[PDB]
Amino acid sequence: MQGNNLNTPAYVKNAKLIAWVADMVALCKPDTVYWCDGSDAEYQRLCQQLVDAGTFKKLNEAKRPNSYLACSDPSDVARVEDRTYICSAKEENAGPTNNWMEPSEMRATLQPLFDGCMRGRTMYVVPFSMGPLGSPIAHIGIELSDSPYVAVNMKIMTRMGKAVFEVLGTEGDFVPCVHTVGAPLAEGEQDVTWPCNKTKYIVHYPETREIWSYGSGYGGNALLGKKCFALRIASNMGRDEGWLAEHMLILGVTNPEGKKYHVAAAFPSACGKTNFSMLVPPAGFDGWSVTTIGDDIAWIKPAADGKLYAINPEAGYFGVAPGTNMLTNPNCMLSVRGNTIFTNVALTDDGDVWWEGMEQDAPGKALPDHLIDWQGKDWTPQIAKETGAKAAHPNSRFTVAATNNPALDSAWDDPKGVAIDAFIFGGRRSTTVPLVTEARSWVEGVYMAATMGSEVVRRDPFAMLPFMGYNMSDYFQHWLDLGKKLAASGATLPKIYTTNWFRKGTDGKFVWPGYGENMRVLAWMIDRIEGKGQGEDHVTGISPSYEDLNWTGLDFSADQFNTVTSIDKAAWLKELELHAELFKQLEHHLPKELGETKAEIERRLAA
Ligand SMILES: [Mn+2]
């Protein structure tokens with residue numbers, strides 16, 4: 001009778017899973033339970049349900065085929081870090097970068113909120129694989145959600161549906177995820193187009209891998225595979241099992257001889273992982289190609305051959321729309337030509353979408369005369385001047401399948417992963433940090449990643465500040481020990497670089513053109529990996545000289561280059577003071593190796 005009241009499909013053979021779904025249905029009390037099979041027809045039917053509710057508007061089929069626009073409640077527009085918790089058994093295993101609560105107290109807080117939360121709604125059972133299906137390195141999650149928006153976005157972002165239960169079999173384990181918009185409906189009550197609750201919780205219980213999300217229907221709060229599972233829970237699993245879950249793009253780069261390298265790169269917002277992961281080689285780089293394995297999350301495991309192998313556990317892109325155009329990211333623009341869900345962007349008079357930055361592709365770079373903004377209001381360039389209103393919300397999004405990307409790498413879903421030749425850690429700094437620096441050693445590269453900041457300078461170690469599943473200082477130790485254990489196997493460790501696209505010149509403008517021209521920095525990294533690139537040893541590492549880069553096709557002078565690449569001792573003395581402040585905030589439980597690196601920089605500054 002239980003299984004019959006859950007509408008359990010015949011292909012679900014896993015008794016532990018069914019028992020858990022039954023417990024959550026008993027708690028949440030949905031009116032009906034629907035198991036998502038992941039079919040295209042199911043996706044279309046759910047999209048139609050969203051249209052019928054007013055959550056979606058279907059975009060013009062001649063402008064933007066099979067695409068939809070959703071606009072959210074203005075209270076529910078982004079991840080809410082202050083409402084996100086790591087509820088480890090001990091507070092020290094959440095650490096200073098995480099919000100903590102004793103698990104039993106949090107369970108007592110969440111039980112009355114989830115009791116009956118889905119009254120008047122359908123519970124969607126969303127099975128998904130993070131990583132290629134059936135693979136030895138993939139992990140299965142099940143998200144229960146009362147939002148059809150979550151179901152359709154999860155279809156794009158993960159490997160979702162019936163095929164999961166063949167991999168789960170009768171006894172396979174899974175990450176249990178529960179999500180509610182926190183808006184139960186009474187009989188005859190008219191629903192809103194974007195149900196949500198002012199009260200929000202996004203809770204992780206690491207010891208049981210549970211994720212509970214209440215009150216938001218948006219993005220990283222509600223699509224639980226992306227951040228909650230693939231970074232917060234997965235980082236915990238990696239620490240116990242010897243692998244890494246990182247906030248990194250993964251790209252392949254092939255030179256004209258056909259030699260292929262892979263790079264994993266973490267940016268806090270610098271560049272945009274999305275821009276760099278889909279980089280188009282500029283003039284001077286005929287015969288080179290750049291391909292995308294992923295644009296956001298990397299799972300990385302050492303193999304017996306002494307190499308680090310990365311996979312992208314996601315299946316689509318959930319990208320920030322504003323700023324995207326054919327100059328900053330043509331592969332992304334081409335990706336969103338159709339089959340895309342857009343959230344909180346603007347609506348044009350011909351039933352297409354618009355966002356700030358798209359005018360860069362228009363004749364004269366002219367803004368549109370009129371739009372409907374993401375709040376449903378009339379928008380014009382005059383109105384924008386008078387109210388300051390942006391047409392698209394700054395955190396507005398596109399959701400699109402990886403296979404829409406013309407630069408998708410052939411191995412993007414290869415379960416064996418790709419060997420990482422270099423890590424890159426970015427950051428937006430007007431001063432101090434060179435365009436590119438190679439770390440002299442693994443430990444010094446870890447120091448660079450641990451101390452990376454973005455502009456006042458906010459520190460975001462490894463770009464993981466909002467996403468660490470356990471104590472940040474223990475995570476630094478995990479990186480150091482992984483490198484040590486690999487080097488002890490004889491392995492050659494990946495190079496580590498820091499980049500900075502955002503040094504300002506004496507006129508306050510960015511000197512480095514960026515976007516496709518970042519290929520010229522990537523090509524120096526490749527030369528270094530091959531042992532053919534030259535560089536200047538300085539206080540913090542090795543940086544190219546002007547003559548070490550390929551300038552074919554770009555008018556960029558030696559003085560411009562030295563303006564963004566030279567190091568200054570006064571600036572780095574001030575920078576080390578800021579590192580000291582960060583280390584105090586991390587309560588000095590830091591690995592001794594980070595202290596030794598700081599001391600060695602200080603010695604070079606005083607020599
Ligand atoms: Mn991200």
Side-chain angles (χ1 to χ4, degrees), residues 1-39 41-43 45-46 49 103-104 106-130 133-134 139-152 154-155 158-187 191 195 201 203-205 207-214 222 224-225 228-229 233:
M1 282 297 161
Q2 175 188 89
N4 208 340
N5 281 316
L6 299 182
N7 301 311
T8 306
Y11 53 75
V12 178
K13 315 281 190 182
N14 189 295
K16 291 173 294 183
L17 185 145
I18 294 159
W20 172 76
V21 175
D23 277 350
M24 293 299 97
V25 167
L27 175 59
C28 294
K29 304 176 181 59
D31 283 5
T32 62
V33 182
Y34 176 76
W35 294 66
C36 295
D37 51 43
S39 60
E42 163 183 278
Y43 176 86
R45 266 147 43 215
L46 292 172
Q49 292 182 11
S104 66
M106 185 55 81
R107 280 186 173 99
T109 296
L110 294 189
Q111 193 282 338
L113 297 167
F114 281 81
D115 178 6
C117 63
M118 299 190 184
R119 179 168 50 87
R121 299 191 184 277
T122 298
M123 170 188 284
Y124 297 90
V125 184
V126 184
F128 60 98
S129 178
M130 297 307 290
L133 257 166
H139 288 281
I140 296 301
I142 309 279
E143 175 168 354
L144 310 180
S145 175
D146 56 9
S147 162
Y149 175 90
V150 163
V152 296
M154 288 291 285
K155 195 266 193 197
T158 70
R159 298 147 169 101
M160 196 275 277
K162 158 180 164 57
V164 163
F165 297 107
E166 298 180 342
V167 182
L168 270 176
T170 61
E171 297 167 313
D173 297 322
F174 64 96
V175 173
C177 310
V178 189
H179 168 254
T180 179
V181 298
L185 293 169
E187 257 205 354
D191 201 10
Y201 286 93
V203 172
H204 311 72
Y205 299 103
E207 291 77 4
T208 58
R209 317 302 185 209
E210 292 170 79
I211 300 158
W212 292 62
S213 176
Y214 179 94
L224 297 183
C228 295
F229 181 168
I233 292 304

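Residues: numbered from 1 along the sequence shown.
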Can you list every salt bridge (charged side-chain N to carboxylate O under 4.0 Å, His left out) pair that touches residues 19-32, not counting sequence neighbours?
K29-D115
Measure across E143 and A222 and return the closest heavy-atom pair with its distance rounded to 0.1 Å.
OE2-O, 2.7 Å
Could you give the distance from CZ (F114) to CG (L144), rounded to the nearest 0.5 Å?
10.0 Å
Can you name the nearest heavy-atom pair linking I18 to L6, along with the distance?
O-CD1, 3.7 Å
Do you know which two heavy atoms are closest between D146 and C117, and how far apart they sit?
OD2-O, 4.0 Å
Shortest non-hydrogen contact from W35 to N7?
CD1-O, 3.3 Å
Are any of the side-chain heavy atoms of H139 and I233 separated by less than 4.5 Å?
no
Value for OG (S129) from CZ (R159), rounded to nearest 0.5 Å, stands at 6.5 Å
Residues in side-chain hydrogen bond (donor to acceptor under 3.5 Å, both in side chains) contact with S104, at least two apart in sequence or another chain:
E102
So does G172 get a backbone contact from the side chain of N14, meaning a donor-acceptor N/O pair under 3.5 Å?
yes
Partner of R121 under side-chain hydrogen bond (donor to acceptor under 3.5 Å, both in side chains), chosen from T180, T32, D191
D191
Report the distance from atom CG of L17 to atom CZ of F174, rounding to the nearest 0.5 Å.
4.0 Å
Considering non-hydrogen atoms only, spot the tightest contact between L224 and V178 and give its length.
CD1-O, 3.9 Å
Short N-O contact, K162 and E42, less than 4.0 angstrom
no
Taking only residues two or more places apart in sequence, or in another chain, which ones meet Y124 in a ring pair (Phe, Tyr, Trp, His ring centres under 6.0 Å)?
none
Does any part of the side chain of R209, heavy atoms only, come nearer than 4.5 Å to the side chain of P176, both counted from C-beta?
yes
Side chain proximity check, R107 to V203, heavy atoms < 4.5 angstrom:
no
If you round to the nearest 0.5 Å, how far is CE of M118 from NE2 of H179?
8.0 Å
Can you label the angle between the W212 ring and the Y205 ring as parallel, tilted or perpendicular, going by 30° and 60°?
perpendicular
Take atom CD in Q111; do more than 12 heavy atoms of anything else shown fall under 6.0 Å from it?
yes
Do the side chains of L168 and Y11 get nearer than 4.5 Å, heavy atoms only?
no
Nearest heavy-atom pair of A108 and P112: which atoms, and what distance?
O-CD, 3.2 Å
Side-chain contact test, heavy atoms from C-beta onward, threshold under 4.5 Å: evaluate it for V25 versus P30 and give yes or no.
yes
Give, for atom CD of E210 and atom SG of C228, the distance between the pair rounded to the nearest 0.5 Å.
13.0 Å
Starting at OH of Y214, measure out to SG of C28 and round the result to the nearest 0.5 Å.
10.5 Å
For the side chain of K155 and the backbone of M160, is there at least one donor-acceptor N/O pair under 3.5 Å apart?
no
